[PDB]
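**Student:** Test case, fold it:
(7 chains)
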Amino acid sequence: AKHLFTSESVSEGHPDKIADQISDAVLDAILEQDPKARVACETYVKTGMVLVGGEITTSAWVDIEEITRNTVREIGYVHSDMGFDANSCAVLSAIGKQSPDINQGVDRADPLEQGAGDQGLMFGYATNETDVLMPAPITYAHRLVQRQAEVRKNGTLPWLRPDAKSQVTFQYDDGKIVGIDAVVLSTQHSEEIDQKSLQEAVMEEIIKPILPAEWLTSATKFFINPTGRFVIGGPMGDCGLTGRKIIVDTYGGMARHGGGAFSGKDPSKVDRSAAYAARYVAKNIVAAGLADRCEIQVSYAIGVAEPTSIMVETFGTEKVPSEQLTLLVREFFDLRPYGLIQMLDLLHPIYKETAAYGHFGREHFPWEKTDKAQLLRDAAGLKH
Amino acid sequence: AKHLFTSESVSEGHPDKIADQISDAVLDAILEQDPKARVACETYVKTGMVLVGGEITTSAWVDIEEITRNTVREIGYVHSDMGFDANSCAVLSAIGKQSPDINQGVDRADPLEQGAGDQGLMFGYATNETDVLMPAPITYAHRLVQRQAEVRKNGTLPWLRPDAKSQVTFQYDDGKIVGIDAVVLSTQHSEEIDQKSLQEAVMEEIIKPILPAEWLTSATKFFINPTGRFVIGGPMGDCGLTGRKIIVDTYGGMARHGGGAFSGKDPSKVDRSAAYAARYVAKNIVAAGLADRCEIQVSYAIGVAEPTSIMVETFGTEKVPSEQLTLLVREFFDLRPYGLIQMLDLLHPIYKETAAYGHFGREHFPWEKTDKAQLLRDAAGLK
Amino acid sequence: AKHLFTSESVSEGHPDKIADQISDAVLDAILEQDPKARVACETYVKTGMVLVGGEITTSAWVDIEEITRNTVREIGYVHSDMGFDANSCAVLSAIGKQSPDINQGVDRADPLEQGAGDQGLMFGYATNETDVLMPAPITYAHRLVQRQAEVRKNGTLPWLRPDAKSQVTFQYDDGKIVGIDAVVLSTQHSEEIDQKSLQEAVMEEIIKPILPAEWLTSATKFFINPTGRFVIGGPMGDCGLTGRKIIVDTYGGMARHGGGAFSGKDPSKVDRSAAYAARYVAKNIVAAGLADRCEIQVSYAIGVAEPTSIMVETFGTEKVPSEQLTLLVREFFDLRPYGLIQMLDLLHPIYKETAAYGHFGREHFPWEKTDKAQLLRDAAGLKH
Amino acid sequence: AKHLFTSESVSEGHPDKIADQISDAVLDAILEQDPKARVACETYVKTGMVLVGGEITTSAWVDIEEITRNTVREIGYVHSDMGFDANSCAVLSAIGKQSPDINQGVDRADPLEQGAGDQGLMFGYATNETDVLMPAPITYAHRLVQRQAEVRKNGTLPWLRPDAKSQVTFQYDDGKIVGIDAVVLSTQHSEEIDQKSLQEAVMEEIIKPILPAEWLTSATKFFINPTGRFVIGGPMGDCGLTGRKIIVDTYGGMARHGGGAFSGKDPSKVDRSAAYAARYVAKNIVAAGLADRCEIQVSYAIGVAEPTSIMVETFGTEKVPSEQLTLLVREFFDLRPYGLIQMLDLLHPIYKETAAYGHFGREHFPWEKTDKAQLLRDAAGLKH
Amino acid sequence: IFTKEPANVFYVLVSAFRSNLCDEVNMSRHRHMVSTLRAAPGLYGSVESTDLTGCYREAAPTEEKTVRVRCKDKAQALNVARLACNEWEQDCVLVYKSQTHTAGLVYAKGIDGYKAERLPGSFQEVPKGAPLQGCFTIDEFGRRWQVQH
Amino acid sequence: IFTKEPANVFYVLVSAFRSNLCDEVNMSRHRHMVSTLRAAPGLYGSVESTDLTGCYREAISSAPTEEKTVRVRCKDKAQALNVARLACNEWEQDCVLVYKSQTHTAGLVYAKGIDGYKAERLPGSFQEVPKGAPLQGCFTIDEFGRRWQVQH
Amino acid sequence: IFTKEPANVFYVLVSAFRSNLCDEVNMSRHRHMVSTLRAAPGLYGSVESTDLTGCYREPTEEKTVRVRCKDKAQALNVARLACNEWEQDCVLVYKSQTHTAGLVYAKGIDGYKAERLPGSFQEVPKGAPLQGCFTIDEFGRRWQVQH
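**Tutor:** Residues are numbered from 1 along each chain as shown, chains lettered A, B, ... in the order given. Structure as follows:
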């Protein structure tokens, strides 16, 4: 029957997402400079300071501080009142180690056979609830935050300030979405605005234009900056750790996630590669329509070319037996780490965009392409 | 149907869990010295550097440095050549401090009516699979790594060293464990021991104990330190960030999770407290037998006493109207933050034990206690 | 579920079955003389007159009355008191024989291309209830009357006379044979015998050895010549006609039936051969595990070799999609009449045995062969 | 859920139905003379001879010859070239009369209480697909053949001759009617008419006015005398029996059948009466709306007043538990033979009407009245 | 459900005449248009039956005297019917093939109003449970059009 | 589904205009009316795309017929919508289909005249054909069967 | 289920010593023999818990002993040959994690029998107690099979 479901998305003005943006900005830099790099970088966000630490394996030379300050500038933490400034803040670098020696030494084993980077497990989820196969609520929350940031940047609300968070609660009755139960929005605001103007403005420029008027109801409730005094935002407001905001990037708790932070890790790292892969394949699946939605779990042991475990789940939404389904999975896609790499060719510095507002749910991301579905189309016959 | 499932559990030796134990020990010490304080701290782990920082509205006064040193000591990283020596550990503290007494003297308002710290959603999952009312796989990997930890501490395999991970794959038939497809173990060790002797020894003193015989067959596939080189490990091995091992702390990914790390968070905040409360109600529900496996999504708004949204899910394993079930939940339980604080009395310095090896599935923990279940079953009706 | 289902069979001693036996014995001898012949013969049976008439094209030379009397003798009506005797009864051969067409048009050009002899429709049914792939009650009833005749022949109860009718009512829970509710057995008996001993000995020598003692309960009711007098049986009491008892021949009433009388019909005639092929493909589909209980309707427009319509019905027990199943049907079996002929080798002098006690469910019959089933088991490996 | 279904009918001009007509006309004659009689007459039909014989107990006095000649003449086989004559056909009555005194002598018995005259079993069906509560295809096919007979009689196409047969194939989606796939109509025709113009004429005067063009597609195929020559028609070309088209009499094979040839059976004969009762009660059931399509079966043990089995079948289209349903059934209806007699009042010379064009679906026949249905509906409280 | 009792492909359609709010003069108006159509059946090619009552719930059901007419010509006769409704301003009419008893309604104004609705689910049914639709009943037989779900 | 990719609260609605059997003069009529609609984008409040066609049994035995149609993206729940209605009224057009872009489903309004609102809401689905069965109210744009769906 | 707690590869098994013929003297010999078992921990190779009491409604109730032996069959062998010596034939065994196993009826030094179709064991569902009760720690427990 009817039951609430709730998902949230943070602004790209949030400290944790700030750290992720920083990390994958460094990643895009190093990657542009080298396709074959092996990088895992982490970013700590604190009031007066920002730190980056980790390891890089390549030939590239990279200025960390300017990457960081560019990033903050994009976000806009450029004045004391905000509690954080791109320029004056302290950047702390500990990554280095710049050791391309080990992998440059000898290269004769086939890449598709080169064992998994490190042990791990991950998931890829897909559905038909929306166009983009993502779950509805997480997508709506992403729309909310990105619209907020857009208003801040274009200047329609000059007094807006980068940090913000959003949470939405829908009534899932019989699977379909009848309407929103409630929406809660928190924003960083300049000191000038008073509360009432703020609530009015945000209900105006954000809530209505983004949400379906039908889902918008009187019974639906709206909580906007319940404290309302949020001129303090971002780091001085709260701590920031890379990948700490792990779920928001994903399906927003709609499905089970593996447990490896996307940002600050390169396609060499098995986590993102495999996760992109799982999302990609499940997307091709639901695009075929074999199941309204599918969950995919894949588990790698370190030094293993092949997935230790591959589980498919349709939640009964399957139109065909699940076993030949599994067969098709293992056939049509090479699940080897470098193999799915070649399948998706991630070696392009693009992740600075996927830094925030969902790592799936955007077309330009390559994994979101779903050609092979047609091949899948042929492999299975008619439903039932 | 039949399929495979996998989960993962880490040793205390892994850097992420290291930072987690660190921050949680901090929180337990401060809680001991002061119940009502507010705590938000994070820990970072570099090669020889450990960082701790956050806002702690407390009257308390304790050196974070010596606490960290003693904790790492207990972990045993007391030798640089391991990759980390507790004596040498570079300690960085930036912990924000503030006076909470002034705030509480200002508020003068009922606890229950006081709103949630921050907006956030969280889950609680339970099931009748385990008689500890957990999922099987994460529990097995937990017993695995902790048995390794124990057999190291007691020095039975002294050359063994702390850092270790376990990734385990079961075969589920029609939702029933028929056998373990594969078990993968990695562990830190001295250098002198051979890889093969190591695999043999660990299969003996780790694998055989925690794994039951029947699921083990020839078909079961074992992969132990496939690199074979895990002297190099620990912090120098890899940087550990507080909470990054969230899922493997929660449910092994058997069920959903919201994304708020447990460590460094007093019961006051919504994240950890609500997580406990959800697992608690779910466990009591299953103990009332209302559903065989159940997941709870509870969602709070910042500053708000009322929890924005409440959802129960039974995967059809319910025995009653799910809406009636929700009604019963709201009856028996005050989902307010202060409400669950009351119902579970989390105001006690205990979380150093929830540091590592499973937050849920250890009876001494308050939320794991299942009292209202019976009364819930009494509220239930037919069955 | 709780529902009681009944079927009913007859002995060979009953008039109608006598008619059919006569007709098909004629057919058997004739077709033996010439396989290529065409025969449509019907037999009326009255108090003492056996009438036989129909259309026959062949070059054969057969006495009607000879086979007639011999058949009646084999049945056993040899004495006045039975109410009938081949030595006594007068035989009326009304068959008009015209030449076989020797023209080259009906020749080699193509048997498969040769159009259907006559319009019509027929049914096949198969189930997974039994090893014989036929509904239970009809099978048990047939086995009952068979036990009866076998007694009357081996000499166990000589005072039995050939006419006998049996009827069984099974209980049904969840469509699983649970309990036999009622048993009605009327039989033809000599004058000397007495009613009570008859009831007893009949219950003993026939009912027990054929019904599973379990479904026999205390509450199980019995009716055995409840009229208490069946001295004068056979045709004298009542008219017997060709093929009228068509139900008992097919399915005992579990399945819907087309209406073509099988007895006394040459194989080239569409009805009998078509229905046999129907039962054939039904058995093959059921044996291939593709369904639990399947029904087949096939319809032929006179002069058109191609079946007008082919319906396959799985009652939800299809393990593969029903239409893909239908495709399978059209592919694996040629359904043109002469296609059936080649498929089954029907042009063989067999059916005299097939006159009575079940037109299906007796193995050595060609349509009953489950050979093709494996291929069908092959053509689809999906499980649901 | 897409399947082709097929049904089959014959004009009265067909020899078999002719035989049935003969029997029932005899029956109506006798019943007119005396209601209480017992009649079991059968009629064989050869090329030039019609044999009539049966067991009859009555005080009646009825020429078989006059009746037969009248009936045949009314049908129209009044000429040699037709293939059969009413005036020169040979009439043979094998009728053996029993004494009505055995009927008068039995007394002091509840007429109701008396056991059934003869064991049996039968299925009456009903479906709300059509307002006659009959399977659509067989009803349309009756309308077809009847229209043909009508155009023969009214003189519009006098070259048309009585014998004619019909075969229709409908599409079915979701169990629902969509289109007619195929239609086959073959008739006897006078020599003067051609093939082609006959095709045209049958297309117009019969097919068009009777078939809903919506069901008629260009893709829908047509067959009219596919052999292209049917001058020799009637019994001359092909033998005919009494009760050898038991299917088209009842349901066109949509529903499983008991197997009692109705014609020539007196009401007191259990088969005809009981089957009437079955269709009657099933029609009342569906009319009350207690279910959408119900098949009733009833079985009777010889010498018993109470049936052995009364099984209702709803195909899930029930609106109430089949068990409460069965209780209701045995509540309102007394399936005692004389009971169903008094319920239906069969004691009237009316069956010459039910000769052809289906025993069911025709209003004035009392068993089609649906008054009981209201008290049925009100018996169980149903609100949907 | 396929009635199959009335004639085959012969068409049947209904009309109201009571479109505007002129209750009594509306009644006479209807009657006069009835006289018009019935007086010249040939052009209409139709058999009239004026007893019926047409109830449009239209969110407060309005009931207007209505007439069902059987039109033989697959378009021509019903076309004449459409014309009549047009001149008498009657907005739109229902048509259906009796055997199938299913057809959408056609709107028809101007010279040749050829505007027949899509979604032609069904018609001539009485579920007797939910009256929240157009009451179109003759001899207390509420004949409502439906769709499939 | 919830087609998030398309624009938000906008209503996308279709129009046919080819009402009477006027085979090619009706097509010219169509082109004319499309031009007229494009002529006043403001009050029409819509962008037009003319690829779509619509296909019905039409309950008049002759044959299912199809008409060229146009999709227009009105921003106004009513204003540009009402303009579309008044247009089809002018063009003797009986009914129109409007579905709200984000939900991707909303019922039809067979309102005409000057100031009439006949707001039906179908069973809440639209533009959704998996190429299974084309029986229903027939649509195609960009060779996509895209028609509403009734609940089951 | 699976009880998750006890050492895995360990073998916990329940046995009754009292026959049906008498009760109190069967109970005396019960405590005697079970104490003999208890006293020797090497052959019986197990720990004992005497709380458990069984019923077989077939409620024939008797005092029972739960012994946990490491040896997969060996101390189990001592237990089963011991029940042989006490003429008792009914003895249940189960492995901790599975928390079930079939039933063994093994007298004779090598006479060794194995059950067929074991589903589960040592849980009561509170629904239908027709099965053999096994009540310990104020909790009933029975064995099971899939349906």
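
**Student:** how about the strands of the chain, start to end?
**Tutor:** Here I'm looking at chain A. Secondary structure of chain A (DSSP state E): strands at A:2-10, A:38-45, A:49-57, A:78-79, A:84-85, A:90-94, A:120-127, A:160-173, A:176-189, A:221-224, A:240-241, A:293-300, A:309-313.

**Student:** ah, I was thinking of chain E
**Tutor:** For chain E, the strands defined by DSSP E cover E:11-15, E:46-49, E:53-56, E:62-65, E:67-71, E:92-97, E:105-107, E:115-116, E:122-125, E:135-138, E:141-142, E:144-146.

**Student:** could those be laid out in TSV, adding distance to residue A:198?
**Tutor:** To be clear about C-beta, it is placed using only N, CA and C from the backbone, and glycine gets the same treatment. TSV is the format used below for the strands of chain E (distance: least, Cβ to Cβ, whole Å):
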stretch	distance to residue A:198
strand E:11-15	60
strand E:46-49	69
strand E:53-56	50
strand E:62-65	51
strand E:67-71	64
strand E:92-97	53
strand E:105-107	52
strand E:115-116	52
strand E:122-125	55
strand E:135-138	54
strand E:141-142	57
strand E:144-146	52
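
**Student:** Turn those into a markdown table, columns for mean neighbour count and distance to chain B.
**Tutor:** As requested, the strands of chain E are exported to a markdown table (neighbours: other Cβ atoms under 10 Å in any protein chain shown; distance: least, Cβ to the nearest Cβ, whole Å):
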| stretch | mean neighbour count | distance to chain B |
| --- | --- | --- |
| strand E:11-15 | 24 | 45 |
| strand E:46-49 | 18 | 52 |
| strand E:53-56 | 18 | 38 |
| strand E:62-65 | 15 | 40 |
| strand E:67-71 | 22 | 48 |
| strand E:92-97 | 22 | 43 |
| strand E:105-107 | 23 | 42 |
| strand E:115-116 | 22 | 45 |
| strand E:122-125 | 18 | 34 |
| strand E:135-138 | 18 | 36 |
| strand E:141-142 | 14 | 36 |
| strand E:144-146 | 18 | 32 |
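
**Student:** Is it possible to get JSON lines of those strands that adds distance to chain G?
**Tutor:** Shown next, in JSON lines, are the strands of chain E (distance: least, Cβ to the nearest Cβ, whole Å):
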{"stretch": "strand E:11-15", "distance to chain G": "58"}
{"stretch": "strand E:46-49", "distance to chain G": "63"}
{"stretch": "strand E:53-56", "distance to chain G": "56"}
{"stretch": "strand E:62-65", "distance to chain G": "59"}
{"stretch": "strand E:67-71", "distance to chain G": "60"}
{"stretch": "strand E:92-97", "distance to chain G": "54"}
{"stretch": "strand E:105-107", "distance to chain G": "57"}
{"stretch": "strand E:115-116", "distance to chain G": "58"}
{"stretch": "strand E:122-125", "distance to chain G": "45"}
{"stretch": "strand E:135-138", "distance to chain G": "53"}
{"stretch": "strand E:141-142", "distance to chain G": "50"}
{"stretch": "strand E:144-146", "distance to chain G": "44"}
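
**Student:** Which one, of those, ends up nearest to residue C:376?
**Tutor:** strand E:122-125 (39.2 Å; Cβ to Cβ).

**Student:** Identify all contacting residues around the closest one.
**Tutor:** Residues outside strand E:122-125 that contact it (Cβ atoms under 8 Å, 6 or more residues apart in numbering or on different chains): E:1, E:3, E:94, E:96, E:101-103, E:143-148.

**Student:** Let's have these in a markdown table, adding distance to residue D:56.
**Tutor:** Listed next are the contacts of strand E:122-125 as a markdown table, based on distance: Cβ to Cβ, whole Å:
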| residue | distance to residue D:56 |
| --- | --- |
| E:1 | 43 |
| E:3 | 42 |
| E:94 | 57 |
| E:96 | 52 |
| E:101 | 47 |
| E:102 | 51 |
| E:103 | 54 |
| E:143 | 50 |
| E:144 | 54 |
| E:145 | 55 |
| E:146 | 54 |
| E:147 | 58 |
| E:148 | 54 |
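
**Student:** Can you lay out those as JSON lines showing distance to chain F?
**Tutor:** Compiled in JSON lines, the contacts of strand E:122-125 are given as follows (distance: Cβ to the nearest Cβ, whole Å):
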{"residue": "E:1", "distance to chain F": "17"}
{"residue": "E:3", "distance to chain F": "17"}
{"residue": "E:94", "distance to chain F": "10"}
{"residue": "E:96", "distance to chain F": "8"}
{"residue": "E:101", "distance to chain F": "11"}
{"residue": "E:102", "distance to chain F": "8"}
{"residue": "E:103", "distance to chain F": "4"}
{"residue": "E:143", "distance to chain F": "16"}
{"residue": "E:144", "distance to chain F": "15"}
{"residue": "E:145", "distance to chain F": "10"}
{"residue": "E:146", "distance to chain F": "11"}
{"residue": "E:147", "distance to chain F": "6"}
{"residue": "E:148", "distance to chain F": "7"}
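
**Student:** Out of those, which comes closest to residue D:52?
**Tutor:** Set against residue D:52, the nearest of these by Cβ to Cβ is residue E:3 (39.8 Å).

**Student:** Please list the residues of chain E that sit near chain F.
**Tutor:** E:9, E:74-75, E:92, E:95-97, E:102-104, E:106-107, E:109-110, E:112-120, E:147-149 (Cβ under 8 Å from any Cβ of the partner chain).

**Student:** swap in the stretch 1-150 of chain A?
**Tutor:** Going by Cβ under 8 Å from any Cβ, the residues of the stretch 1-150 of chain A near chain F are A:128, A:129, A:130, A:131, A:132, A:136, A:139, A:143.

**Student:** and residue 84, what is it in contact with?
**Tutor:** As the question left the chain open, I've gone with chain A. A:47, A:72, A:77, A:234, A:235, A:236.

**Student:** switch to chain E, that's the one I care about
**Tutor:** By Cβ under 8 Å, 6+ apart, the contact set of residue E:84 is E:15, E:33, E:36, E:37, E:44, E:90.

**Student:** Buried ones among these?
**Tutor:** Buried subset of these (neighbour count, 16 or more other Cβ atoms under 10 Å in any protein chain shown): E:15, E:33, E:37, E:44, E:90.

**Student:** Tabulate those residues (JSON lines), appending distance to residue D:37.
**Tutor:** Shown next, in JSON lines, are those (distance: Cβ to Cβ, whole Å):
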{"residue": "E:15", "distance to residue D:37": "56"}
{"residue": "E:33", "distance to residue D:37": "61"}
{"residue": "E:37", "distance to residue D:37": "56"}
{"residue": "E:44", "distance to residue D:37": "55"}
{"residue": "E:90", "distance to residue D:37": "62"}
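
**Student:** For these, which two are the farthest from each other?
**Tutor:** Farthest pair in the buried ones among the contacts of residue E:84, by Cβ to Cβ: E:44 and E:90, 14.5 Å.

**Student:** List the residues that contact the closest residue to residue A:148 other than its chain neighbours.
**Tutor:** Distances taken as Cβ to Cβ, 6 or more residues apart in numbering or on different chains place residue A:164 nearest to residue A:148, at 5.2 Å, with adjacent residues excluded. When contacts are counted by Cβ under 8 Å, 6+ apart, residue A:164 touches A:10, A:11, A:13, A:14, A:145, A:148, A:149, A:185, A:186, A:187, A:188, A:233.

**Student:** Tell me which residues touch the residue of chain E found nearest chain C, please.
**Tutor:** The minimum distance from chain E to chain C, using Cβ to the nearest Cβ, falls at residue E:2 (19.4 Å). By Cβ under 8 Å, 6+ apart, the residues touching residue E:2 are D:129, D:130, D:131, D:136, D:177, E:99, E:100, E:101.

**Student:** longest helix in chain E, by residue count?
**Tutor:** Using DSSP state H, we find that the single longest helix of chain E is helix E:23-39.

**Student:** what's in contact with it?
**Tutor:** Residues outside helix E:23-39 that contact it (Cβ under 8 Å, 6+ apart): E:16-18, E:20, E:22, E:44, E:46, E:48, E:50, E:64-65, E:67, E:69, E:81, E:84, E:88.

**Student:** can I get the strands of chain A in TSV with distance to residue C:159?
**Tutor:** Formatted as TSV, the strands of chain A follow (distance: least, Cβ to Cβ, whole Å):
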stretch	distance to residue C:159
strand A:2-10	77
strand A:38-45	100
strand A:49-57	104
strand A:78-79	117
strand A:84-85	113
strand A:90-94	111
strand A:120-127	78
strand A:160-173	76
strand A:176-189	76
strand A:221-224	93
strand A:240-241	101
strand A:293-300	74
strand A:309-313	72
